[PDB]
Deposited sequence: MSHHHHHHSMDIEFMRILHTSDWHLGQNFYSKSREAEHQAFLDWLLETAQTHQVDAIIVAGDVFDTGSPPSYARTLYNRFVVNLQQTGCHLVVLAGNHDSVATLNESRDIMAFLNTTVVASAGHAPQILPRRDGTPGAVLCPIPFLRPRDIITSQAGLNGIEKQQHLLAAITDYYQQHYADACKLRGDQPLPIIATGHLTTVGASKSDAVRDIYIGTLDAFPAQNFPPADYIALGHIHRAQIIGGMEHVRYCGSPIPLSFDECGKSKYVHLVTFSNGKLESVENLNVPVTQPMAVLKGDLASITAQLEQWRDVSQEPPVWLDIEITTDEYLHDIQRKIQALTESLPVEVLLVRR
């Protein structure tokens, strides 16, 4: 009878320079869809599980996309939780932390944020959130085996915060939601996923996560269930961030809680607004491949031996065609 609904997204990488192309149009369309989606499902909170911006110094149009979304989301009463990823600068996201608080937005850029009650739209307690962004080792390494140390440090961090979440919840029938931004053991990764904790943690075993009712992760671009646990998920990126991910579905997760427990996780397809394609073969295999649309499809030609000559060759075969070649 008491519901709480959140949307789980991550890895926006606003401002990404994609082979000289801007993703602004795609991100604008996505953010507009995310807005209508929040209204359609009467979502209580949207959680963005890290990598909001592609770098620590996003271009003005990306900062504008982000600000305008937060503003437009006000017409819904939906709360917004923005967590830093490894691509984000902490200082950059903290620029507007306190300003965002006036707009029902919680910006969490570094480790150490206490658990907080997420209200439902009507203001009553809906869930207890442990807002955990990408954890910089410097921020969590107690007493500042290095590999074993970081694993223990992250595990312990989640344990302390889960414990505090339980205390904050008290006797209330509220679900506990934790977030995270890292790479788990067994995760399937794409090209656009950058190595993190280089030399200090190959991957995080999801069995070490505390028993929150939902764990909303970011960093990995393909939506997947982790460690066979339906409550531990990457939502993946909302638009394709690399050519190896085109053709593949993009999602945000609609996560519903009933009486303090996880009820369902639904995969909401994010409309794809910019056609991309990857071509493999040789000059004729290529030539046949690219033959017979408002935006011009972006192309990754994975095609006589000197790759320099191949480029000029393809640059000839690709001229005045409704496509656009980005990578060779």
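Unmodelled segments of the deposited chain, in sequence order: 1-11, 156-161, 310-314, 326-327, 353-354.
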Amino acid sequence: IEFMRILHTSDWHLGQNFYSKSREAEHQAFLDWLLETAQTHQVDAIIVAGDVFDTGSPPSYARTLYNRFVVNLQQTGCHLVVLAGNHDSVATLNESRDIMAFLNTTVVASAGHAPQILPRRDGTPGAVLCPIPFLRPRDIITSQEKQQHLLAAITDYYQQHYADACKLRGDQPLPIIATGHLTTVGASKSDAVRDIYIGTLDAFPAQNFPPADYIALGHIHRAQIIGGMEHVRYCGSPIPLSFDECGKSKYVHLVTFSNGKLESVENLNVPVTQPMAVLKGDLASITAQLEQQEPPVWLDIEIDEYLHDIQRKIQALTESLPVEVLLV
From here on, numbers count along this sequence of modelled residues.
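Between 188-196 and 173-181, it is 188-196 that carries the larger average Cα temperature factor according to the deposited entry. With 115-123 and 226-234 compared on mean CA B-factor from the PDB entry, the stretch scoring higher is 115-123. Out of 39, 28, 60, 259, the entry records its largest CA B-factor for 259. Out of 86, 75, 94, 242, it is 75 whose C-alpha atom has the highest B-factor in the PDB entry. Residue-level temperature factors show residue 298 in the highest third of its chain, judged at the C-alpha atom. Residue 144: CA B factor lies in the highest third for its chain, per the PDB record. Annotation for residue 138: C-alpha temperature factor in the highest third relative to the rest of the modelled chain, per the entry. When all modelled residues of the chain are sorted by CA temperature factor, residue 163 is found within the middle third.
Ranked by Cα temperature factor within the chain, residue 10 sits in the lowest third according to the deposited record.
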